[PDB]
>>> print(open('upload-v2.txt').read())   # compact mmCIF, C-alpha atoms
# COMPACT_ATOMS: atom_id res chain seq x y z
CA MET A 1 10.49 15.64 40.75
CA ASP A 2 10.41 18.95 42.61
CA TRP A 3 11.90 22.22 41.36
CA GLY A 4 12.14 25.37 43.46
CA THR A 5 11.91 25.13 47.24
CA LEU A 6 13.36 28.43 48.46
CA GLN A 7 11.60 31.70 47.60
CA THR A 8 10.55 33.66 50.68
CA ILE A 9 12.22 37.08 50.71
CA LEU A 10 10.43 38.93 47.90
CA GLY A 11 8.89 41.84 49.78
CA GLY A 12 10.52 44.33 47.44
CA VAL A 13 8.06 45.09 44.64
CA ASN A 14 8.24 47.35 41.59
CA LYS A 15 7.10 50.99 41.66
CA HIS A 16 8.07 52.32 38.23
CA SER A 17 5.89 52.31 35.13
CA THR A 18 7.87 49.30 33.89
CA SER A 19 9.44 46.00 35.01
CA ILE A 20 5.96 44.52 34.77
CA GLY A 21 7.55 42.22 32.19
CA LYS A 22 9.86 40.45 34.66
CA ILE A 23 6.76 39.50 36.66
CA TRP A 24 4.99 38.23 33.54
CA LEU A 25 8.16 36.48 32.32
CA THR A 26 9.10 34.68 35.53
CA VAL A 27 5.44 33.65 35.71
CA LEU A 28 5.57 32.35 32.13
CA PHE A 29 8.84 30.58 32.96
CA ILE A 30 7.46 28.76 36.02
CA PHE A 31 4.20 28.21 34.15
CA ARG A 32 5.83 26.59 31.11
CA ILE A 33 7.82 24.35 33.44
CA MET A 34 4.64 23.11 35.15
CA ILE A 35 2.69 22.98 31.87
CA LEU A 36 5.53 20.88 30.50
CA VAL A 37 6.15 18.37 33.30
CA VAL A 38 2.46 17.91 34.00
CA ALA A 39 1.77 16.93 30.39
CA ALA A 40 5.37 16.07 29.55
CA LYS A 41 5.48 12.28 29.13
CA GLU A 42 1.76 12.32 28.96
CA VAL A 43 0.77 13.47 25.45
CA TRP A 44 3.85 12.80 23.31
CA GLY A 45 5.28 10.33 25.83
CA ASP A 46 3.20 7.61 24.16
CA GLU A 47 3.73 8.15 20.47
CA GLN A 48 5.87 5.18 19.53
CA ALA A 49 3.16 2.49 19.68
CA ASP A 50 0.63 4.85 18.12
CA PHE A 51 1.66 5.20 14.45
CA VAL A 52 -0.26 2.26 12.96
CA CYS A 53 0.72 1.51 9.35
CA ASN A 54 -1.80 -0.35 7.20
CA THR A 55 0.59 -2.77 5.54
CA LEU A 56 2.49 -5.97 5.91
CA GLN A 57 5.79 -4.25 5.16
CA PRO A 58 8.45 -4.92 7.82
CA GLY A 59 9.78 -1.80 9.51
CA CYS A 60 7.57 0.60 7.54
CA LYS A 61 6.18 1.95 10.81
CA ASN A 62 9.67 2.98 11.93
CA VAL A 63 10.48 4.21 8.42
CA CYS A 64 7.45 6.45 8.07
CA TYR A 65 7.61 7.45 11.73
CA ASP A 66 10.99 9.06 11.27
CA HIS A 67 9.85 10.20 7.82
CA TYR A 68 7.06 12.34 9.25
CA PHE A 69 8.32 12.64 12.84
CA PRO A 70 12.04 13.20 12.71
CA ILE A 71 11.49 14.74 16.16
CA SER A 72 8.42 15.23 18.32
CA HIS A 73 6.96 18.62 19.23
CA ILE A 74 7.84 18.36 22.90
CA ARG A 75 11.57 18.15 22.17
CA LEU A 76 11.60 21.31 20.10
CA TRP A 77 9.78 22.81 23.04
CA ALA A 78 12.16 21.36 25.63
CA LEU A 79 15.05 22.89 23.71
CA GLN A 80 13.17 26.16 23.09
CA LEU A 81 12.73 26.46 26.85
CA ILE A 82 16.33 25.57 27.73
CA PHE A 83 17.92 28.00 25.26
CA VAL A 84 15.36 30.54 26.51
CA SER A 85 16.15 29.40 30.10
CA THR A 86 19.68 30.76 30.60
CA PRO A 87 18.59 34.45 30.66
CA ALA A 88 16.19 33.55 33.51
CA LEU A 89 18.80 32.63 36.11
CA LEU A 90 20.69 35.70 34.88
CA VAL A 91 17.78 38.09 35.52
CA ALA A 92 17.26 36.47 38.97
CA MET A 93 18.98 39.57 40.43
CA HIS A 94 20.06 42.60 38.43
CA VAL A 95 20.54 45.99 40.13
CA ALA A 96 24.00 47.44 40.70
CA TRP A 134 27.50 44.15 28.25
CA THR A 135 25.35 41.08 28.84
CA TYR A 136 22.24 42.04 30.80
CA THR A 137 20.10 43.45 27.99
CA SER A 138 21.78 41.12 25.50
CA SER A 139 20.34 38.31 27.63
CA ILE A 140 16.91 39.82 26.94
CA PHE A 141 17.68 39.95 23.21
CA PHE A 142 18.98 36.34 23.21
CA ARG A 143 15.73 35.31 24.87
CA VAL A 144 13.83 37.04 22.06
CA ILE A 145 15.69 35.68 19.07
CA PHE A 146 15.84 32.08 20.28
CA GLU A 147 12.08 31.82 20.77
CA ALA A 148 11.63 33.43 17.34
CA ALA A 149 13.90 30.81 15.77
CA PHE A 150 12.00 27.90 17.30
CA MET A 151 8.77 29.40 16.00
CA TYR A 152 10.06 29.68 12.44
CA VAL A 153 11.76 26.28 12.13
CA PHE A 154 8.71 24.77 13.79
CA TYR A 155 6.31 26.08 11.18
CA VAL A 156 8.81 24.99 8.53
CA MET A 157 8.39 21.45 9.83
CA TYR A 158 4.79 21.38 11.03
CA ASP A 159 3.40 23.42 8.22
CA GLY A 160 -0.26 24.22 8.75
CA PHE A 161 0.00 24.36 12.59
CA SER A 162 -1.66 20.87 12.60
CA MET A 163 -1.78 17.08 13.18
CA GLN A 164 -3.00 15.11 10.17
CA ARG A 165 -5.27 12.23 11.16
CA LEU A 166 -3.64 9.96 8.57
CA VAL A 167 -0.24 10.40 6.95
CA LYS A 168 0.38 8.16 3.98
CA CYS A 169 3.89 7.01 3.19
CA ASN A 170 5.73 5.75 0.12
CA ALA A 171 9.23 5.17 1.56
CA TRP A 172 11.71 2.62 -0.05
CA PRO A 173 10.66 -0.48 2.00
CA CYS A 174 7.15 0.96 2.21
CA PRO A 175 6.23 -0.79 -1.00
CA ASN A 176 3.66 1.60 -2.44
CA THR A 177 2.02 4.63 -0.93
CA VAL A 178 0.84 3.06 2.32
CA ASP A 179 -1.26 4.51 5.14
CA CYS A 180 0.23 5.38 8.54
CA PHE A 181 -2.07 6.48 11.36
CA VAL A 182 -1.72 8.82 14.32
CA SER A 183 -3.37 8.87 17.73
CA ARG A 184 -4.69 12.00 19.46
CA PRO A 185 -3.80 14.46 16.65
CA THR A 186 -6.39 16.90 18.01
CA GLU A 187 -4.79 16.81 21.47
CA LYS A 188 -1.29 17.58 20.26
CA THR A 189 -2.65 20.32 18.03
CA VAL A 190 -4.29 21.96 21.08
CA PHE A 191 -1.19 22.01 23.24
CA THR A 192 0.84 23.24 20.29
CA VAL A 193 -1.55 26.19 19.87
CA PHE A 194 -0.98 26.92 23.54
CA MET A 195 2.82 26.82 23.49
CA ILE A 196 3.01 28.98 20.37
CA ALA A 197 0.69 31.59 21.89
CA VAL A 198 2.90 31.50 24.99
CA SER A 199 5.92 32.09 22.76
CA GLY A 200 4.23 35.15 21.26
CA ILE A 201 3.46 36.73 24.62
CA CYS A 202 6.88 35.81 26.04
CA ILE A 203 8.52 37.71 23.23
CA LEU A 204 6.06 40.60 23.26
CA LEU A 205 6.84 41.55 26.86
CA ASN A 206 10.48 40.47 26.54
CA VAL A 207 10.76 43.00 23.72
CA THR A 208 8.36 45.60 25.12
CA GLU A 209 10.88 46.02 27.94
CA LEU A 210 13.79 45.48 25.55
CA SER A 211 12.48 48.50 23.61
CA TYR A 212 13.07 50.97 26.46
CA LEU A 213 15.48 53.22 24.53
CA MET B 1 -12.09 -41.50 -13.63
CA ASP B 2 -11.87 -43.52 -16.83
CA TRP B 3 -13.04 -42.38 -20.27
CA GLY B 4 -13.16 -44.62 -23.31
CA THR B 5 -13.15 -48.39 -22.87
CA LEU B 6 -14.42 -49.71 -26.21
CA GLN B 7 -12.37 -49.11 -29.37
CA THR B 8 -11.35 -52.34 -31.10
CA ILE B 9 -12.76 -52.47 -34.63
CA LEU B 10 -10.69 -49.85 -36.47
CA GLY B 11 -9.04 -51.96 -39.16
CA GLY B 12 -10.35 -49.67 -41.88
CA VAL B 13 -7.70 -47.05 -42.58
CA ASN B 14 -7.54 -44.12 -45.00
CA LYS B 15 -6.14 -44.43 -48.53
CA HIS B 16 -6.82 -41.04 -50.10
CA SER B 17 -4.49 -38.05 -50.07
CA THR B 18 -6.61 -36.56 -47.28
CA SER B 19 -8.48 -37.42 -44.07
CA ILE B 20 -5.11 -37.28 -42.33
CA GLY B 21 -6.72 -34.51 -40.30
CA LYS B 22 -9.29 -36.76 -38.58
CA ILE B 23 -6.39 -38.86 -37.31
CA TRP B 24 -4.55 -35.76 -36.05
CA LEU B 25 -7.77 -34.30 -34.61
CA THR B 26 -9.01 -37.36 -32.74
CA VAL B 27 -5.45 -37.67 -31.43
CA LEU B 28 -5.48 -34.03 -30.31
CA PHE B 29 -8.91 -34.59 -28.76
CA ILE B 30 -7.84 -37.61 -26.69
CA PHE B 31 -4.54 -35.89 -25.98
CA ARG B 32 -6.12 -32.69 -24.65
CA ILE B 33 -8.38 -34.80 -22.45
CA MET B 34 -5.41 -36.59 -20.89
CA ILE B 35 -3.30 -33.42 -20.77
CA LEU B 36 -6.20 -31.80 -18.97
CA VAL B 37 -7.16 -34.42 -16.38
CA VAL B 38 -3.56 -35.28 -15.60
CA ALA B 39 -2.75 -31.66 -14.75
CA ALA B 40 -6.36 -30.60 -14.22
CA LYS B 41 -6.72 -29.98 -10.47
CA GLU B 42 -3.01 -30.00 -10.22
CA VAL B 43 -1.74 -26.61 -11.46
CA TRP B 44 -4.74 -24.28 -11.14
CA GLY B 45 -6.48 -26.59 -8.67
CA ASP B 46 -4.53 -24.89 -5.88
CA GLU B 47 -4.81 -21.22 -6.64
CA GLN B 48 -7.11 -20.01 -3.89
CA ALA B 49 -4.62 -20.15 -1.00
CA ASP B 50 -1.85 -18.85 -3.23
CA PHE B 51 -2.64 -15.16 -3.83
CA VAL B 52 -0.87 -13.61 -0.84
CA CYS B 53 -1.70 -9.92 -0.34
CA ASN B 54 0.79 -7.80 1.60
CA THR B 55 -1.69 -5.90 3.74
CA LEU B 56 -3.84 -6.01 6.81
CA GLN B 57 -6.96 -5.18 4.80
CA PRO B 58 -9.79 -7.67 5.39
CA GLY B 59 -10.98 -9.45 2.27
CA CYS B 60 -8.50 -7.73 -0.05
CA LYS B 61 -7.19 -11.13 -1.13
CA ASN B 62 -10.65 -12.12 -2.36
CA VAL B 63 -11.18 -8.64 -3.82
CA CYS B 64 -7.97 -8.57 -5.83
CA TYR B 65 -8.26 -12.26 -6.67
CA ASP B 66 -11.48 -11.71 -8.55
CA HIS B 67 -10.07 -8.39 -9.77
CA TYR B 68 -7.21 -10.07 -11.62
CA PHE B 69 -8.64 -13.60 -11.84
CA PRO B 70 -12.30 -13.32 -12.69
CA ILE B 71 -11.81 -16.87 -14.01
CA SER B 72 -8.84 -19.21 -14.16
CA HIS B 73 -7.19 -20.36 -17.37
CA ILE B 74 -8.28 -23.96 -17.00
CA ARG B 75 -11.97 -23.03 -17.12
CA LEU B 76 -11.65 -21.13 -20.37
CA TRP B 77 -9.89 -24.24 -21.58
CA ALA B 78 -12.51 -26.63 -20.19
CA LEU B 79 -15.16 -24.65 -22.03
CA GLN B 80 -13.02 -24.29 -25.17
CA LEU B 81 -12.76 -28.08 -25.26
CA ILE B 82 -16.46 -28.73 -24.60
CA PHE B 83 -17.73 -26.32 -27.26
CA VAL B 84 -15.07 -27.83 -29.53
CA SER B 85 -16.13 -31.31 -28.29
CA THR B 86 -19.57 -31.70 -29.89
CA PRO B 87 -18.21 -32.01 -33.48
CA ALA B 88 -16.04 -34.93 -32.26
CA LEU B 89 -18.86 -37.34 -31.41
CA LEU B 90 -20.44 -36.18 -34.67
CA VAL B 91 -17.40 -37.10 -36.80
CA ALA B 92 -17.19 -40.47 -34.98
CA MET B 93 -18.75 -42.01 -38.13
CA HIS B 94 -19.50 -40.12 -41.33
CA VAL B 95 -19.81 -41.97 -44.66
CA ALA B 96 -23.18 -42.43 -46.34
CA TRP B 134 -26.24 -29.66 -43.94
CA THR B 135 -24.36 -30.20 -40.68
CA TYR B 136 -21.29 -32.37 -41.31
CA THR B 137 -18.91 -29.75 -42.69
CA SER B 138 -20.61 -27.05 -40.62
CA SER B 139 -19.50 -29.11 -37.60
CA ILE B 140 -15.94 -28.66 -38.88
CA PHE B 141 -16.50 -24.91 -39.24
CA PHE B 142 -18.05 -24.66 -35.76
CA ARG B 143 -14.99 -26.43 -34.40
CA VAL B 144 -12.81 -23.81 -36.11
CA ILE B 145 -14.60 -20.67 -35.05
CA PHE B 146 -15.08 -21.67 -31.41
CA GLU B 147 -11.39 -22.33 -30.84
CA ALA B 148 -10.63 -19.02 -32.58
CA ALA B 149 -13.00 -17.20 -30.21
CA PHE B 150 -11.41 -18.67 -27.10
CA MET B 151 -8.01 -17.62 -28.41
CA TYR B 152 -9.09 -14.01 -28.96
CA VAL B 153 -11.01 -13.45 -25.72
CA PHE B 154 -8.18 -15.17 -23.90
CA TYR B 155 -5.55 -12.76 -25.15
CA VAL B 156 -7.97 -9.93 -24.38
CA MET B 157 -7.89 -11.06 -20.76
CA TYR B 158 -4.38 -12.44 -20.36
CA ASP B 159 -2.69 -9.81 -22.42
CA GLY B 160 0.99 -10.57 -22.91
CA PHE B 161 0.53 -14.39 -22.88
CA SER B 162 1.92 -14.30 -19.28
CA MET B 163 1.73 -14.69 -15.46
CA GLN B 164 2.96 -11.64 -13.55
CA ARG B 165 4.96 -12.60 -10.47
CA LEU B 166 3.30 -9.81 -8.46
CA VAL B 167 0.04 -8.04 -9.23
CA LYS B 168 -0.58 -4.93 -7.19
CA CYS B 169 -4.12 -3.90 -6.36
CA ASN B 170 -5.88 -0.69 -5.40
CA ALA B 171 -9.49 -1.92 -5.02
CA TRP B 172 -12.05 -0.05 -2.74
CA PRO B 173 -11.36 -1.99 0.52
CA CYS B 174 -7.76 -2.45 -0.63
CA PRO B 175 -6.81 0.80 1.02
CA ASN B 176 -3.98 1.98 -1.23
CA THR B 177 -2.22 0.24 -4.05
CA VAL B 178 -1.33 -2.98 -2.23
CA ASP B 179 0.72 -5.98 -3.38
CA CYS B 180 -0.89 -9.34 -4.19
CA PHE B 181 1.34 -12.32 -4.98
CA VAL B 182 1.00 -15.39 -7.19
CA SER B 183 2.46 -18.88 -6.94
CA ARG B 184 3.91 -20.83 -9.88
CA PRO B 185 3.36 -18.11 -12.53
CA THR B 186 6.05 -19.73 -14.70
CA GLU B 187 4.26 -23.10 -14.56
CA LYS B 188 0.89 -21.75 -15.65
CA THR B 189 2.57 -19.74 -18.39
CA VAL B 190 4.16 -22.95 -19.75
CA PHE B 191 0.96 -24.95 -19.93
CA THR B 192 -0.81 -21.97 -21.45
CA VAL B 193 1.82 -21.83 -24.23
CA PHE B 194 1.10 -25.50 -24.82
CA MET B 195 -2.68 -25.25 -25.01
CA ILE B 196 -2.55 -22.25 -27.34
CA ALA B 197 -0.12 -24.02 -29.68
CA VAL B 198 -2.50 -26.99 -29.61
CA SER B 199 -5.34 -24.64 -30.54
CA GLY B 200 -3.35 -23.39 -33.53
CA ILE B 201 -2.65 -26.87 -34.88
CA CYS B 202 -6.20 -28.07 -34.16
CA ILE B 203 -7.54 -25.28 -36.31
CA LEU B 204 -4.88 -25.59 -39.00
CA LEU B 205 -5.78 -29.19 -39.83
CA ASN B 206 -9.46 -28.63 -39.05
CA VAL B 207 -9.40 -25.93 -41.73
CA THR B 208 -6.89 -27.59 -44.07
CA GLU B 209 -9.53 -30.30 -44.54
CA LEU B 210 -12.34 -27.73 -44.34
CA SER B 211 -10.70 -26.03 -47.35
CA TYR B 212 -11.26 -28.97 -49.71
CA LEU B 213 -13.39 -27.04 -52.23
>>> encode(input="upload-v2.txt", output="structure tokens")
Amino acid sequence: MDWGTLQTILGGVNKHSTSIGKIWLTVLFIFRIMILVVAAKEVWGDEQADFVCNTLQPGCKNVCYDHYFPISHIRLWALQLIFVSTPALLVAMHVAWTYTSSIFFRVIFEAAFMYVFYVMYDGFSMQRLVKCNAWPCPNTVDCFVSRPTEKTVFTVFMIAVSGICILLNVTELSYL
Amino acid sequence: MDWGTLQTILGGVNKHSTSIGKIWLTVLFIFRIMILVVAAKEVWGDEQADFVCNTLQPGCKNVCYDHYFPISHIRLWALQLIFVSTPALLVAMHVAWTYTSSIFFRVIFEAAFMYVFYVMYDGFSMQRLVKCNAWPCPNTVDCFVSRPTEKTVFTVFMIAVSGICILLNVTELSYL
């Protein structure tokens, strides 16, 4: 891939005691894109052949995999970014009803993804072994995970990023 | 094999209103020997490669096999017969402290094997699937059996035989 190949005329800088946010926020935008693609198919890209189930039950790997991973972290992120992406191309150029409502959209989205995330991954963690007692899964069986530490780390990162994103997003939203 | 090849001089028969038992009891003795050897290594002779455990746990077949089959039925029988065998060669010829105590021994042994049996195989049955949650057996796993019906049948037989053995054994023990 390659994303962004024309940014040369940016001599105009800020002078006020504000609009520091847009710097921080474009930086976090670009950042999160890199951070994503660089580790995109490279942490969670694997986790299909990595959910070993101690059994001889047919299918129970698939069963428990959806049971505990309806969706992977990186998708909720990918979405979180895209919904939080549309205000970016908006704020690309501003001076001359929406504009600040773009800022607010950007806030509330990111908030939503945080909440529903912690609803799903309660404990902000990756259990080393998830058991499973699904229908075909004849009793409570065991179902492993690879690299739970890893995924936990990058999750801590992205959530911290979400917090700072919103804090400057809102710190300039709160101009009154 | 071949067991018993000299029995010709038995013209002397009983005339009293008793000693019918010794007929019945020698018949049951010979019977149970045949009944055994004919189906000896031929119902329970197999059951080593016949205890399938749905798992990928190493050893868990052996583990659960001993767990649920410390010993097979046919051994408890084999013993039951042998302990109940010694009074037979005694009562081979009788007329002329032990003699009736042989009869009583024969009773109480067979009783013991009945009790301890039902202690172990509670329900007078063969479960089609025994689960298992042993140490190495990581969770409650499944562990199959072959021919549980079969073994149940022949068990019903041998226990009925035990009952009749004792009933005539004792009916002549109860002479007063």
>>> closest_residue(input="upload-v2.txt", among="A:85, A:170, A:8, A:164", to="residue A:25", atoms="only C-alpha atoms")
A:85
>>> residues_around(input="upload-v2.txt", residues="stretch 196-212 of chain B", least_positions_apart="4", cutoff="9 Å", atoms="all atoms listed in the file", output="tab-separated table (two decimals) with C-alpha atoms, keeping the file's coordinate frame")
chain	number	residue	atom	x	y	z
B	18	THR	CA	-6.61	-36.56	-47.28
B	19	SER	CA	-8.48	-37.42	-44.07
B	20	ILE	CA	-5.11	-37.28	-42.33
B	21	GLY	CA	-6.72	-34.51	-40.30
B	22	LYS	CA	-9.29	-36.76	-38.58
B	24	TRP	CA	-4.55	-35.76	-36.05
B	25	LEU	CA	-7.77	-34.30	-34.61
B	28	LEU	CA	-5.48	-34.03	-30.31
B	29	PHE	CA	-8.91	-34.59	-28.76
B	32	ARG	CA	-6.12	-32.69	-24.65
B	137	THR	CA	-18.91	-29.75	-42.69
B	140	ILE	CA	-15.94	-28.66	-38.88
B	141	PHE	CA	-16.50	-24.91	-39.24
B	143	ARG	CA	-14.99	-26.43	-34.40
B	144	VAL	CA	-12.81	-23.81	-36.11
B	145	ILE	CA	-14.60	-20.67	-35.05
B	147	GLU	CA	-11.39	-22.33	-30.84
B	148	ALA	CA	-10.63	-19.02	-32.58
B	151	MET	CA	-8.01	-17.62	-28.41
B	191	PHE	CA	0.96	-24.95	-19.93
B	192	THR	CA	-0.81	-21.97	-21.45
>>> atom_distance(input="upload-v2.txt", atom1="atom CA of residue A:159", atom2="atom CA of residue A:77")
16.1 Å
>>> interface_residues(input="upload-v2.txt", of="chain A", to="chain B", cutoff="9 Å", atoms="only C-alpha atoms", output="number ranges by chain")
A: 54-57, 175-179
>>> write_last_selection(input="upload-v2.txt", atoms="C-alpha atoms", output="short mmCIF file (atom, residue, chain, number, x, y, z; two decimals), keeping the file's coordinate frame")
data_model
loop_
_atom_site.label_atom_id
_atom_site.label_comp_id
_atom_site.auth_asym_id
_atom_site.auth_seq_id
_atom_site.Cartn_x
_atom_site.Cartn_y
_atom_site.Cartn_z
CA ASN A 54 -1.80 -0.35 7.20
CA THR A 55 0.59 -2.77 5.54
CA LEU A 56 2.49 -5.97 5.91
CA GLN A 57 5.79 -4.25 5.16
CA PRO A 175 6.23 -0.79 -1.00
CA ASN A 176 3.66 1.60 -2.44
CA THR A 177 2.02 4.63 -0.93
CA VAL A 178 0.84 3.06 2.32
CA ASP A 179 -1.26 4.51 5.14
#
>>> atom_distance(input="upload-v2.txt", atom1="atom CA of residue B:60", atom2="atom CA of residue A:165")
23.1 Å
>>> atom_distance(input="upload-v2.txt", atom1="atom CA of residue A:152", atom2="atom CA of residue A:80")
11.6 Å
>>> closest_residue(input="upload-v2.txt", among="A:1, A:10, A:76, A:64", to="residue A:93", atoms="all atoms listed in the file")
A:10
>>> closest_residue(input="upload-v2.txt", among="B:74, B:49, B:84, B:23", to="residue B:62", atoms="all atoms listed in the file")
B:49
>>> closest_residue(input="upload-v2.txt", among="B:182, B:163, B:153, B:195", to="residue B:46", atoms="all atoms listed in the file")
B:182
>>> axis_aligned_box(input="upload-v2.txt", around="stretch 156-174 of chain A", padding_each_side="6 Å", output="JSON")
{"center_x": 3.2, "center_y": 12.3, "center_z": 6.6, "size_x": 29.0, "size_y": 37.5, "size_z": 25.2}
>>> closest_residue(input="upload-v2.txt", among="A:161, A:72, A:5, A:81", to="residue A:149", atoms="only C-alpha atoms")
A:81
>>> residues_near_point(input="upload-v2.txt", point="(-6.4, 18.6, 15.7)", cutoff="8 Å", atoms="all atoms listed in the file", output="number ranges by chain")
A: 162-165, 184-190
>>> write_last_selection(input="upload-v2.txt", atoms="C-alpha atoms", output="PDB file, in the frame of the given file")
ATOM      1  CA  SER A 162      -1.660  20.870  12.600  1.00  0.00           C
ATOM      2  CA  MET A 163      -1.780  17.080  13.180  1.00  0.00           C
ATOM      3  CA  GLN A 164      -3.000  15.110  10.170  1.00  0.00           C
ATOM      4  CA  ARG A 165      -5.270  12.230  11.160  1.00  0.00           C
ATOM      5  CA  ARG A 184      -4.690  12.000  19.460  1.00  0.00           C
ATOM      6  CA  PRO A 185      -3.800  14.460  16.650  1.00  0.00           C
ATOM      7  CA  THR A 186      -6.390  16.900  18.010  1.00  0.00           C
ATOM      8  CA  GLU A 187      -4.790  16.810  21.470  1.00  0.00           C
ATOM      9  CA  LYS A 188      -1.290  17.580  20.260  1.00  0.00           C
ATOM     10  CA  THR A 189      -2.650  20.320  18.030  1.00  0.00           C
ATOM     11  CA  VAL A 190      -4.290  21.960  21.080  1.00  0.00           C
TER      12      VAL A 190
END
>>> residues_around(input="upload-v2.txt", residues="residue A:61", least_positions_apart="6", cutoff="8 Å", atoms="only C-alpha atoms", output="list in words")
residues 51, 52, 53 and 180 of chain A
>>> closest_residue(input="upload-v2.txt", among="B:14, B:43, B:73, B:35", to="residue B:157", atoms="all atoms listed in the file")
B:73
